[PDB]
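Chemist: Mind having a look at this structure? Questions to follow.
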Amino acid sequence: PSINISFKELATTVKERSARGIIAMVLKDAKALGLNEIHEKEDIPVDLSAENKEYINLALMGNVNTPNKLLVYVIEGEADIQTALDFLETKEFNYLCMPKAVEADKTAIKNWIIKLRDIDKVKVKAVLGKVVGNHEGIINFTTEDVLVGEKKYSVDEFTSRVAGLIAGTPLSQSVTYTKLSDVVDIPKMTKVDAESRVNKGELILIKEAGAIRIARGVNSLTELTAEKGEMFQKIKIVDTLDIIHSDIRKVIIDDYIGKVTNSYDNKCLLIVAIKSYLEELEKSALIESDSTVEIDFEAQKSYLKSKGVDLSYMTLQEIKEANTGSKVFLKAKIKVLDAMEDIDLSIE
Amino acid sequence: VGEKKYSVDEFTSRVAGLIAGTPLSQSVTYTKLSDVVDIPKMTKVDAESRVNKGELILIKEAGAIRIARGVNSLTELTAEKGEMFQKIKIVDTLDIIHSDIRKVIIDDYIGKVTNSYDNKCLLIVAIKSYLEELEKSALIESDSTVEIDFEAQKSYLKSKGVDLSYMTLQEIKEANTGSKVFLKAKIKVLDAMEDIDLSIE
Amino acid sequence: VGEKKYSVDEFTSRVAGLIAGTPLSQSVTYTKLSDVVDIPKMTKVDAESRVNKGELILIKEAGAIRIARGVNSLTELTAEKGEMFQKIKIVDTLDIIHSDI
Amino acid sequence: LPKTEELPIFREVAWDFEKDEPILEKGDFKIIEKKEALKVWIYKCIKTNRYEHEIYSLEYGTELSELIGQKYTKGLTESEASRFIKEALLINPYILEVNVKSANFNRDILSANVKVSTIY
Amino acid sequence: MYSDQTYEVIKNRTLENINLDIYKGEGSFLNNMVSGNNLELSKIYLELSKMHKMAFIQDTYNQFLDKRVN
Amino acid sequence: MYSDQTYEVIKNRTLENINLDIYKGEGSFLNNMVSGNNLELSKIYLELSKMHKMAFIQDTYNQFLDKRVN
Amino acid sequence: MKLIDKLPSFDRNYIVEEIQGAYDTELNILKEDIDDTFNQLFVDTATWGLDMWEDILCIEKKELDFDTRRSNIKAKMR
């Protein structure tokens, strides 16, 4: 009879990402007792305390941009750490801060973060007041008696403020030497002590360039191993490494697990897609433009030895063409851009 | 119609007269009737069901009274008939082409034309020309092929008992057909849309 | 599932219908279950142990309840059985080929 | 010489474009903003031809119903209906441009692809 | 007068009378009610204009003249 | 009766005649359009009252006065 | 009933229909008001208006029934 017309517009998504610009903060209050996702600015539940409101206001503004997302959960102080851990496991978080983090709570937070990053591969970063832990995922801001806008501030308050500042920091930009107009009064503190504290792996504030700014953007990790090194001393680099890891994991989970068959051509298409994503990253200045992706040939040899098939009397290309038993072995080359805070040149 | 009571047969005759005046390139569906002014109320869902029953009805649409579909009265279209045979518009042109081919064959070839390979080739050329004439009209597709029915030739040979082996398949076409003709042809009648449905971005 | 207690056989029927809806191109491993709301908490080590047993269980993965494995119920595999025979997906096409032939 | 002022956000009731019934939120008419009201306006313009109804303004409406029914050839009517839709949609100041790609001719169904560019 | 009052003019007047967040748009459901009421009101304006003349002693009809002379 | 109906009474009557689960909230654009339509309604009712006045010419000298005197 | 007929196809549901029906009832009230006023225009059909009819006649008195009002008006003139 009558057949009708229905047309709905569609626009292709560009650069779909996850766990970006997310701020997670859990506060101990006996009035709200629940989670509150903040999507609109100046969104204040009436149940929240005045100091909690100040925490939120600190989290509001960023250095360059407003943080993409701020998530707040409320529960009683008792058993706060367990429930916060459960909630953060439930929903991904780019950053974490605690208004009333005790040393034991900070240690538990760091242990949970490192456990996820090492076993669950959940690359997350946490901001802590005074923790000398041996991991780069945590952040240690050791600046006592911080006063912002002629107002007394606890260490946790300003760590939350700095985390909010970091969330609004673009990756192509920097975290070092970020002047704070809100901070007007700081205790006197010598340049030599500033250098020593920075070399201790700590984050501090200094009065420089006619303003109050930080001195370095290094990780809280004091001891960087041989494989970690100088480029892992910087939070700026671990951030982009975590971002790329999460993006690759997300796209692989969305596309290839179960849904995509295991074949040589399927592997080639997967390599092409990964190369395309790396090209997308290369368009940004975060990493170098030169990179290569390869099938992990040595892993193929190891799989053959596990199977016991002799490696002799066939071409090495046949090894790549050989079935991998519902497994994939790959190799890739990366180089994240590392650049300079302050310079030193020569003249003639 | 025109504030006048009409029996079903009267309006069926009127609709048949309307159809006779309908050009083939045009449509029968959604034909508004200015003469009809008063119609009983009948719901859209009921109209959809009645059309899906294989029936022809009138509806008040587009500020006028028109029909809903141009399908055949045939409720049950078999696998070989299908959707394109559900429409009277297609069976009409199929009947027209059938009648025209039968008429021209009766006029020209029966008895008067001798049975020969070249006579068959000329007949194929004439049929192709008629199909080109139809293709000039928008009723059918412009792509079509006509062939000698080779399998019917094989069947005729088996009836005659002449072995199919040890000669070229072309010799089968060149072989005498015993005052018979076996042919094959490809057709595709244009089938098009009443209303549309598209996509936007 | 959908804020409702379900019998084990109810979800086996649901999964069987899902698998019937699963084409041979895809594999039922790591398949998300939107309808399911919650599953009892259990250790991932026990999940891998049950995978070794061949039992199929749900898993909470990437913030979603998902299928751990498409492994067959066949617990004991002979030496010549091979790992591919542990997969319902692999034996499915073999059965289809057998039936067609 | 004067610089044009941006068009304020259009608000209206909301509905599923298949439901065609205005879905109402807790006894309050839903709020549609930015890229939600223009789609509703386009749907309203396309679904009903103005000249069927005297109340609507003459410039409003679409004239695609003439081609509805398979009255002419698909190939030419594709190009004709492209301009018909462009005329019917370009009336809205919000809409910037309309781009039609192609048409699918199959049985008694037509499928086409059209594009819209907007401000927000 | 009533000749000045037309569906378009009173439609615009009613649209101005409404202080609403919804921007005025052609074919709007709310605009649909407003336009329908304005059309009927313009018809009523025409009726009022007619009953101006019909109420007069002159330009009467057979029944009007009959009533007047009775 | 033109004088019997006034702006607010018929406004409230129109609001009551609306039978929906939608709560009738003051300041709503729906209430605003009811207000505008009732504004035009009050205008037309007042003009009808003025028509009656002009027909009786109790005040506001008119051409009707001259014709009735004639 | 008239507005819904003038209304588009996609506005054929009750949500649209309620406002139109209420306004149509109101406009029926308005049109019967027009009818009553037109009756008031003619002295014979006007019942309550006979009082200021007599006021135009510059004669005032309490009156029982409109027929006597019309009779007194007819007697007053000529």
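Please note that chains go A, B, ... in the order of the structure tokens, that every chain numbers its residues from 1, and that ligands are numbered from 1 in the order shown.
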Using only C-alpha atoms, find the residues of chain A whose closest atom to chain B is at most 7 Å away, then write them as number ranges by chain.
Modeler: A: 1-11
Chemist: Within 9 Å of chain F, which residues of chain D show up? Give each one with its shortest atom-to-atom distance in Å (one decimal) and the two atoms involved, counting only C-alpha atoms, rows by chain then rising residue number, as CSV.
Modeler:
residue,atom,partner,partner_atom,distance
D:24,CA,F:22,CA,8.2
D:25,CA,F:22,CA,8.8
D:26,CA,F:22,CA,7.5
D:27,CA,F:22,CA,3.8
D:28,CA,F:22,CA,6.2
D:29,CA,F:22,CA,8.3
Chemist: Keeping N, CA, C and O atoms for every residue in the selection just given, could you write it to a file as a PDB file, in the first residue's frame?
Modeler:
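Writing done, so here's out-v8.pdb:
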ATOM      1  N   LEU D  24       7.053  12.773  25.612  1.00  0.00           N
ATOM      2  CA  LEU D  24       6.955  13.802  26.634  1.00  0.00           C
ATOM      3  C   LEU D  24       7.668  13.341  27.895  1.00  0.00           C
ATOM      4  O   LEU D  24       7.531  12.186  28.312  1.00  0.00           O
ATOM      5  N   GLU D  25       8.428  14.250  28.497  1.00  0.00           N
ATOM      6  CA  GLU D  25       9.287  13.937  29.634  1.00  0.00           C
ATOM      7  C   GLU D  25       8.596  14.374  30.919  1.00  0.00           C
ATOM      8  O   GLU D  25       8.398  15.572  31.145  1.00  0.00           O
ATOM      9  N   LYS D  26       8.234  13.396  31.756  1.00  0.00           N
ATOM     10  CA  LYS D  26       7.670  13.595  33.092  1.00  0.00           C
ATOM     11  C   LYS D  26       6.638  14.718  33.146  1.00  0.00           C
ATOM     12  O   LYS D  26       6.563  15.456  34.134  1.00  0.00           O
ATOM     13  N   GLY D  27       5.822  14.841  32.103  1.00  0.00           N
ATOM     14  CA  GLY D  27       4.862  15.923  32.044  1.00  0.00           C
ATOM     15  C   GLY D  27       5.426  17.241  31.571  1.00  0.00           C
ATOM     16  O   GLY D  27       4.766  18.272  31.719  1.00  0.00           O
ATOM     17  N   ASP D  28       6.638  17.246  31.023  1.00  0.00           N
ATOM     18  CA  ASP D  28       7.236  18.444  30.450  1.00  0.00           C
ATOM     19  C   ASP D  28       7.695  18.125  29.037  1.00  0.00           C
ATOM     20  O   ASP D  28       8.261  17.055  28.791  1.00  0.00           O
ATOM     21  N   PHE D  29       7.449  19.050  28.115  1.00  0.00           N
ATOM     22  CA  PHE D  29       7.846  18.840  26.732  1.00  0.00           C
ATOM     23  C   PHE D  29       9.366  18.852  26.627  1.00  0.00           C
ATOM     24  O   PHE D  29      10.030  19.746  27.161  1.00  0.00           O
TER      25      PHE D  29
END
Chemist: State the Cα RMSD (Å, one decimal) obtained when chain F is least-squares superposed onto chain E, all Cα atoms paired in order.
Modeler: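 After least-squares fitting, the two copies differ by 2.0 Å C-alpha RMSD.
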Chemist: Considering only C-alpha atoms, return as a list in words whatever protein or nucleic-acid residues lie within 12 Å of residue 45 in chain E, sequence-local ones (same chain, fewer than 4 positions apart) excluded.
Modeler: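 Non-adjacent residues within range: residues 1, 2, 3, 4, 5, 6, 7, 10, 38, 39, 40, 41, 49, 50, 51 and 52 of chain E; 40, 41, 43, 44, 45, 47, 48 and 51 of chain F; 31 and 34 of chain G.
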Chemist: Can I get the selected residues back with N, CA, C and O atoms, as a tab-separated table (two decimals), in the first residue's frame?
Modeler:
chain	number	residue	atom	x	y	z
E	1	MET	N	-9.18	48.61	10.21
E	1	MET	CA	-10.30	47.88	10.81
E	1	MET	C	-10.18	46.38	10.56
E	1	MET	O	-9.07	45.85	10.50
E	2	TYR	N	-11.31	45.69	10.44
E	2	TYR	CA	-11.28	44.24	10.31
E	2	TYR	C	-10.59	43.82	9.03
E	2	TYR	O	-10.00	42.73	8.95
E	3	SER	N	-10.65	44.66	7.99
E	3	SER	CA	-9.89	44.39	6.78
E	3	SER	C	-8.39	44.38	7.07
E	3	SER	O	-7.65	43.55	6.52
E	4	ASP	N	-7.93	45.29	7.92
E	4	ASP	CA	-6.54	45.26	8.35
E	4	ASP	C	-6.23	43.98	9.12
E	4	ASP	O	-5.14	43.41	8.99
E	5	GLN	N	-7.19	43.50	9.91
E	5	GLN	CA	-6.99	42.26	10.66
E	5	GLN	C	-7.06	41.06	9.72
E	5	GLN	O	-8.12	40.74	9.19
E	6	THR	N	-5.93	40.39	9.54
E	6	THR	CA	-5.86	39.23	8.67
E	6	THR	C	-5.14	38.11	9.41
E	6	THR	O	-4.55	38.33	10.47
E	7	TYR	N	-5.20	36.91	8.83
E	7	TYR	CA	-4.61	35.75	9.48
E	7	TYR	C	-3.12	35.95	9.71
E	7	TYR	O	-2.60	35.59	10.77
E	10	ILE	N	-2.63	38.89	12.58
E	10	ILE	CA	-2.97	38.42	13.91
E	10	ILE	C	-2.12	37.21	14.30
E	10	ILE	O	-1.86	37.00	15.49
E	38	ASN	N	-5.89	31.68	14.37
E	38	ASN	CA	-5.86	32.94	13.64
E	38	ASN	C	-6.71	32.89	12.38
E	38	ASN	O	-7.38	33.86	12.04
E	39	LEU	N	-6.67	31.76	11.66
E	39	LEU	CA	-7.50	31.63	10.47
E	39	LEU	C	-8.98	31.74	10.82
E	39	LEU	O	-9.74	32.48	10.19
E	40	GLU	N	-9.40	31.01	11.86
E	40	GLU	CA	-10.81	31.09	12.24
E	40	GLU	C	-11.18	32.48	12.75
E	40	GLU	O	-12.28	32.96	12.48
E	41	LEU	N	-10.27	33.14	13.47
E	41	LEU	CA	-10.53	34.50	13.94
E	41	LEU	C	-10.65	35.48	12.78
E	41	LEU	O	-11.46	36.41	12.84
E	49	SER	N	-17.53	42.14	9.85
E	49	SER	CA	-17.62	43.14	8.79
E	49	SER	C	-18.94	43.01	8.03
E	49	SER	O	-19.57	44.01	7.68
E	50	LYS	N	-19.36	41.77	7.76
E	50	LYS	CA	-20.63	41.56	7.06
E	50	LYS	C	-21.80	42.05	7.89
E	50	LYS	O	-22.72	42.70	7.37
E	51	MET	N	-21.81	41.74	9.19
E	51	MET	CA	-22.95	42.12	10.01
E	51	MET	C	-22.97	43.62	10.30
E	51	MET	O	-24.00	44.13	10.75
E	52	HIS	N	-21.85	44.32	10.08
E	52	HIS	CA	-21.94	45.77	9.94
E	52	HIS	C	-23.00	46.15	8.92
E	52	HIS	O	-23.97	46.85	9.23
F	40	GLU	N	-5.87	37.62	22.29
F	40	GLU	CA	-6.66	37.85	21.08
F	40	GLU	C	-8.14	37.61	21.33
F	40	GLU	O	-9.00	38.30	20.76
F	41	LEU	N	-8.47	36.63	22.18
F	41	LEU	CA	-9.86	36.35	22.52
F	41	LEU	C	-10.50	37.53	23.24
F	41	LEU	O	-11.64	37.91	22.95
F	43	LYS	N	-9.49	40.61	22.99
F	43	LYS	CA	-9.62	41.65	21.98
F	43	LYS	C	-10.89	41.48	21.17
F	43	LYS	O	-11.64	42.44	20.96
F	44	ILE	N	-11.17	40.26	20.70
F	44	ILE	CA	-12.33	40.06	19.85
F	44	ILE	C	-13.62	40.21	20.65
F	44	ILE	O	-14.61	40.76	20.15
F	45	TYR	N	-13.63	39.76	21.90
F	45	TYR	CA	-14.82	39.94	22.73
F	45	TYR	C	-15.08	41.41	23.03
F	45	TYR	O	-16.22	41.87	23.00
F	47	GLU	N	-14.15	43.88	21.12
F	47	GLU	CA	-14.60	44.48	19.87
F	47	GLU	C	-16.06	44.14	19.60
F	47	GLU	O	-16.80	44.97	19.05
F	48	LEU	N	-16.50	42.94	19.98
F	48	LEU	CA	-17.91	42.60	19.87
F	48	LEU	C	-18.76	43.46	20.79
F	48	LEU	O	-19.85	43.92	20.41
F	51	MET	N	-19.04	46.69	19.17
F	51	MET	CA	-20.03	46.58	18.10
F	51	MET	C	-21.44	46.75	18.63
F	51	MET	O	-22.26	47.46	18.04
G	31	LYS	N	-18.65	31.30	18.47
G	31	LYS	CA	-19.58	31.47	17.36
G	31	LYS	C	-21.02	31.52	17.84
G	31	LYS	O	-21.84	32.26	17.28
G	34	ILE	N	-21.45	34.93	18.83
G	34	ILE	CA	-21.73	35.76	17.66
G	34	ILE	C	-23.20	35.68	17.29
G	34	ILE	O	-23.84	36.69	16.96
Chemist: Name the residues in contact with residue 22 in chain B at a cut-off of 12 Å, using only C-alpha atoms, excluding same-chain residues fewer than 5 positions from it; report them as a ChimeraX atom specification.
Modeler: /B:15-17,27-29,31,89,92 /D:71
